Structure formats: C-alpha cells, structure tokens
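In what follows, a structure is listed as structure tokens, so that the remarks can point back to it.
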C-alpha cells in the first residue's frame, strides 16, 4: 500500500535503502546458520 | 544470530513513512489518528523494531523461564560463551565503546 | 483474474501493482474505472 504511493525518486531511495538493510540481515543469518564451520567466518569482512 | 529478526515488510513500511513525512509532522498535526496507536508501537515508525523484536522487548524474564528463554532468544549456543566480551562483541557486531 | 477496484475494497498484489503503475490511490482508481466504463455495475474487472 505504501510503496505504491511513492514517486520515482523516493522509490529509488527506498530500494537502495532496503538492499543495504537486507544485506546485513542475510549476512548475519548466513554466517551463523548456513556458513560451513570449516570457514572461520565471524564477520561480514570475513564473509567478504 | 546477532539479534536479527529481520522483517522486510516492516522496513518497507518504516521507510515509506519516513519518505512521505520526514519528521512525522502530519502526525503531530493529526492527533486523532496518531492517538489510535500506542506510543510503544509508534516508536517503530522511527526505531527499527520488527514485531518479533517488539515481543522480545516486552517479554518478561523471570527465574522460572530463564533457561527457556535463553534457548529461545539466543539459540542453543552456550551461555558461557555469550558471557565472553569478545564473543558478545562479535555476536552483535558491537563497538568497544 | 479479477481485480476489485471498488474504492472500498481491500487490496492484494494485483491491485497494488495497478496502483503502482499509475501512482494513484484506490479512491481515484475507482473513479478511473468509471471514466473508462460507465456500464460496469460493480468495481470488478478482469485482468485483461
């Protein structure tokens, strides 16, 4: 309902924002729940 | 996992409200509507608080369920490792300050 | 597929996309339907 009401620049800003937020979440989840323990990953820098 | 009950739909809602009204002025000007919601939830307009987090924040911690909650909030890790300041720092991606 | 354009309808993803495509709300979308079709006795259209 809300994203449909945005103009194009607000939408571009929104999408940029969300991707940054999603990365932090996906990365953290991945590191703790998915990443193989063989890889000593404790951070986003190590995931990189 | 680093406290990450990430809710994308929540963030879409939160960001749009900030994009449409960057200071919530319309709400300041329209108390009939703002007053329909409890302040604890209005907090999430600005604060990054997903409904799962909201329920965690309002969760009662007592002696009887302390072990249970550990398992349900941190997961089955080890309370002794969470206790280590380095572990803690990495777990929540914290600064030293 | 049916899309309910009654201004009083609740949404779904198809309805949201249509609003998004035009950057308009449900009240003005309903009126848009009446501009295009003065015979439709309801707000429902198929996704033709």
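Residue numbers (the authors' numbering), protein chains in the order written: chain R, 921 to 968; chain C, 195 to 291; chain U, 534 to 581.
Cβ coordinates follow ideal geometry from the N, Cα and C atoms, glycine included.
Residue i to residue j span [Cα, whole Å]
{"i": "residue 951 of chain R", "j": "residue 942 of chain R", "result": "14 Å"}
{"i": "residue 242 of chain C", "j": "residue 564 of chain U", "result": "37 Å"}
{"i": "residue 535 of chain U", "j": "residue 579 of chain U", "result": "4 Å"}
{"i": "residue 932 of chain R", "j": "residue 195 of chain C", "result": "30 Å"}
{"i": "residue 967 of chain R", "j": "residue 959 of chain R", "result": "9 Å"}
{"i": "residue 285 of chain C", "j": "residue 230 of chain C", "result": "37 Å"}
{"i": "residue 235 of chain C", "j": "residue 254 of chain C", "result": "18 Å"}
{"i": "residue 278 of chain C", "j": "residue 272 of chain C", "result": "11 Å"}
{"i": "residue 219 of chain C", "j": "residue 240 of chain C", "result": "13 Å"}
{"i": "residue 266 of chain C", "j": "residue 557 of chain U", "result": "43 Å"}
{"i": "residue 203 of chain C", "j": "residue 576 of chain U", "result": "28 Å"}
{"i": "residue 232 of chain C", "j": "residue 930 of chain R", "result": "28 Å"}
{"i": "residue 568 of chain U", "j": "residue 936 of chain R", "result": "36 Å"}
{"i": "residue 924 of chain R", "j": "residue 209 of chain C", "result": "13 Å"}
{"i": "residue 922 of chain R", "j": "residue 944 of chain R", "result": "23 Å"}
{"i": "residue 248 of chain C", "j": "residue 581 of chain U", "result": "43 Å"}
Proximity test, residue i beta-carbon vs the ligand MN heavy atom, cut-off 7 Å
{"i": "residue 562 of chain U", "result": "Within the structure as shown, the ligand MN is missing, as the structure has no ligands at all."}
Chain R contact residues for residue i, given Cβ-Cβ distances below 8 Å
{"i": "residue 196 of chain C", "result": "948 and 952"}
Closer than 8 Å to chain R by CB, residue i
{"i": "residue 291 of chain C", "result": "no"}
{"i": "residue 541 of chain U", "result": "no"}
{"i": "residue 205 of chain C", "result": "yes"}
{"i": "residue 213 of chain C", "result": "yes"}
{"i": "residue 200 of chain C", "result": "yes"}
Cross-chain neighbours of residue i in chain U, by beta carbon under 9 Å
{"i": "residue 927 of chain R", "result": "556"}
Within chain U, the residues that residue i reaches when beta carbons sit closer than 7 Å
{"i": "residue 924 of chain R", "result": "549, 552 and 553"}
Proximal chain R residues relative to residue i, where beta-carbon distance stays under 9 Å
{"i": "residue 544 of chain U", "result": "921 and 924"}
Within-8 Å CB hit, residue i to chain C
{"i": "residue 945 of chain R", "result": "yes"}
Closer than 8 Å at the beta carbon, the chain C residues around residue i
{"i": "residue 934 of chain R", "result": "206, 209, 210 and 213"}
Per-residue contacts from residue i into chain C (C-beta, under 9 Å)
{"i": "residue 938 of chain R", "result": "202, 205, 206 and 209"}
Residues bridged to residue i [DSSP beta-bridge criterion]
{"i": "residue 535 of chain U", "result": "U:579"}
Proximal chain C residues relative to residue i, where beta-carbon distance stays under 7 Å
{"i": "residue 962 of chain R", "result": "284"}
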